[PDB]
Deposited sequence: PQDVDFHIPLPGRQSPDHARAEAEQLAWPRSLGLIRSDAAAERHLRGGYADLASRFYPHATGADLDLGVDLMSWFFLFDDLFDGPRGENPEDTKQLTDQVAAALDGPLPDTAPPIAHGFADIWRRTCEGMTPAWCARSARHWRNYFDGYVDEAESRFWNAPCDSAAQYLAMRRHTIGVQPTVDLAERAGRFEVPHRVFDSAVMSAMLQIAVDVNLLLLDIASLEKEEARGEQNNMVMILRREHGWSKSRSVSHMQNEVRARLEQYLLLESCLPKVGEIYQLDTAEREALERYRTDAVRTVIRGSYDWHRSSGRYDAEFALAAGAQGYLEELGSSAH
């Protein structure tokens, strides 16, 4: 676990953590005190603040919500629904709809909640951005549907969408009220970096929830696996850095001006780094 990236936390996790229950209460994602507790025990506000150490107040609150939503939403597939691609999809589209236009009050609340997050997240960003981010969310959703075919390379290509790392990183951008020059986002390097960002969270998570999952995964596919599992992350991070260093050249290659280059650096540190690192701290 060589993550040469400094741990960070928004100096606002305070409030953020304390007021996290408000949003979900109103949107109706939490209908019971017991539920409230089960949520608080998740430490999602915490998480959000590790991913977005650079955001405070309102901004930070949105990240808390994304994190809260992520888990409330995931639970909806822990029963009979996560075994029927037709049933999950039925829900999937009711939420995904939000991306396109307004949702009928008839929509389930998990959908409404998402709608709210997506409104706030995308507003204030270049049109190109929302679209690109929506692109991601759809991929997120379809992932759950593919994932619903429960009824290495085999695994990653799929877990890479359900894992939800991208929508999270995108949020970093929104939360930090800035956008990486679009042309750089689609570079081979930035991609490989982002790919790594996913795999690592992907891998870590599968080692954290190993117990519960085998009690009913990446490790499976024992003492040997987890070993090189760690190795993999090590090498991945190693390369991540190797890549980071390439950024300057990249910035040249795409003729970035100052502002852009700045943006890039914020993306690098406040969006990518944090998503890889944040996961770790929290996971412990």
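Residues of the deposited sequence lacking C-alpha coordinates, numbered from 1, fall in the stretches 1 to 5, 157 to 164, 230 to 233, 239 to 246, 310 to 336.
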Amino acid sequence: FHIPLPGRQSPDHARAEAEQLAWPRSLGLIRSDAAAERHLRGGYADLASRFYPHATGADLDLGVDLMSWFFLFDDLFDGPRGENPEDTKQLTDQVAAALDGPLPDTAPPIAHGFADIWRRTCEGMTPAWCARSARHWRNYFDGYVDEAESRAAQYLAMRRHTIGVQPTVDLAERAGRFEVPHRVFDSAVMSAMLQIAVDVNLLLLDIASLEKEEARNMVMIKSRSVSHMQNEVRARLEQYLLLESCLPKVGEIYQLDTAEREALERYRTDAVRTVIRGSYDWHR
From here on, numbers count along this sequence of modelled residues.
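Relative to one another, 120 to 128 and 180 to 188 have unequal mean CA B-factors, and 120 to 128 is the one with the higher figure.
For the segment pair 258 to 266 and 7 to 15, the entry gives 258 to 266 the higher mean B-factor, averaged over Cα atoms. Per the deposited coordinates, the residue with the largest Cα temperature factor out of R174, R81, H136, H112 is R81. The residue among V169, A208, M193, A97 whose C-alpha carries the highest B-factor in the deposited model is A208.
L47 sits in the lowest third of its chain by CA B factor, as recorded in the PDB entry. Residue-level temperature factors show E214 in the highest third of its chain, judged at the C-alpha atom. Compared with the other modelled residues of the chain, the Cα B-factor recorded for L72 ranks in the lowest third. Ranked by C-alpha B-factor against the other modelled residues of its chain, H54 falls in the middle third.
Ranked within its chain, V165 lands in the lowest third, by CA B factor from the PDB record.
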